[PDB]
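Next up is one chain by itself, shown in structure tokens, the form deposited in one PDB entry.
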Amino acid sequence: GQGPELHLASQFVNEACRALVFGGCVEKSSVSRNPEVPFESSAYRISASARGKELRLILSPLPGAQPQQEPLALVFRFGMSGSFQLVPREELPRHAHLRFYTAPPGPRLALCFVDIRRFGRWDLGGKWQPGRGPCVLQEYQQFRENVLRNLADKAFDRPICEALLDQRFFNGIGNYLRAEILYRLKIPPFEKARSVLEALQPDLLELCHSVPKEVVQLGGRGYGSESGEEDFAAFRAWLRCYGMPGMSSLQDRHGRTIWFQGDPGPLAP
């Protein structure tokens, strides 16, 4: 997913796992090329936070748990189909690539990273990807400064629709959000990035925060349906531009589809 989905998944893990105790090893599916998580505890709690298009899990063993184990942090990226689900241990979804198992007492559940297409990745260590900019949701002011301070970067030579996907400057912005953000201001997607950003040193950088914040405020699971069909309908109904009838579409330089109304902009193919 994108910022909203990573943020809501994070909120999901914290609520679902608040009163759960995990035990044992962390199991990876045999087909997954991500690394084995070397971690075992008779009794540990799981928590989460999001930053842009990444989510950090913390595995925190209870007082006196065995084996001797310090807390462990994993950072996840979701690629095109990543997701977290809490399921019954015997009813694992089809592409559950990493699993944390509840300990007795109560019914035996699995917290699962589910990723159909396996573009998602996880790293040992809890470090954010170096080079990703601050979170458009949780680090707005730092994110804003990081863009205005670096408009000289050749990243801003590109059309604004391409620039908005560069995770060094818009960590959390993906394909639906660039369409919804540029539609709110009727900025041609192939206006030059530097041209639209120089003019501001509710604007484009403010909406990079407020638009995805709207997806989060729906409750539900953004571009997702872990919360039901109702919350997915609510998301489709919030969209004004992305995939919507009557809207134009072009391929950017990297073959990604940009949705917009009216003027393509000067740098259009």
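Throughout, rigid core stands for the largest set of C-alpha atoms superposing within 1.5 Å between the two forms. Don't overthink the numbering: it's just position in the shown sequence, from 1.
This next part talks about the form deposited in another entry, which is not shown.
- Compared between this form and the one not shown on the core, the listed residues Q69, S32, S227, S42 keep their C-alpha shifts below 2 Å, save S227.
- In the other entry, the Cα positions of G224 and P245 lie at least 3 Å farther from each other than in the form displayed.
- Compared with the form shown here, the C-alpha atoms of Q11 and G224 sit at least 3 Å closer together in the other entry.
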